[PDB]
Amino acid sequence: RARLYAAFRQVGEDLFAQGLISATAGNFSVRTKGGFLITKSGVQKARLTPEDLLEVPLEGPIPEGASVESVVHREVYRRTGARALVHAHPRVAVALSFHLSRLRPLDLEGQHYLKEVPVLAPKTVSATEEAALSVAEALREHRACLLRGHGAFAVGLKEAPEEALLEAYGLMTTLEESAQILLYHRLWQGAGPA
């Protein structure tokens, strides 16, 4: 438990530090024996405490106080073999999500780890079964996905929960980095010839 809480605390701290989340935006979880452990709603992710996490069953009503995206996390664990999930709001990737149907990284790291990131535009993108189903089906075949104008989800598959969470965290940072590289590459080209 101590180490696992540490992984959550670390991911929250690093996501905030890199500008992938701020304030209360974003949420993350890991698959547990009973279901999944997720961050509570409205808490400061960059400064998490053990009491800021709650276990949610894959079946039944969602405990009050859980992240509003719990319905989405639950569906992903139900339909995929995900071991951890990170939801964040990569700014550049989100901006690019209005312009692309899929994000294809130009860089090696992104091509290797993400391959291609689909951009989903369901009527509702947050805290709905609609959003949940769309995200869950996309992550059945992709490690990450973008919700147009909202944010992104990244999946961890490693056996150890702490490692799966750090894995999902890494994919999320790789996504924003790939989005930034795509933007810089395009702006440089657009500013030429020169």
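In this text, residue numbers run from 1 along the sequence as written.
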Query raised in the report: What stretch has the higher average Cα B-factor here, 18-26 or 176-184?
Result: 18-26
Query raised in the report: With respect to the recorded C-alpha B factors, which stretch has the higher mean value, 151-159 or 60-68?
Result: 60-68
Report task. Sorting the chain's modelled residues by C-alpha B-factor, tell me whether residue 118 ends up in the lowest, middle or highest third. Result -> lowest
**Report entry** Third of the chain, ranked by Cα B-factor, where residue 129 sits
**Finding:** middle
**Report entry** Ranked against its chain, the third holding the CA B-factor of residue 38
**Finding:** middle
Report summary line: Quick tally, chain-level thirds of C-alpha B-factors: residue 83 sits in the lowest
Query raised in the report: Compared with the other modelled residues in the chain, in which third is the CA B-factor of residue 53?
Result: middle
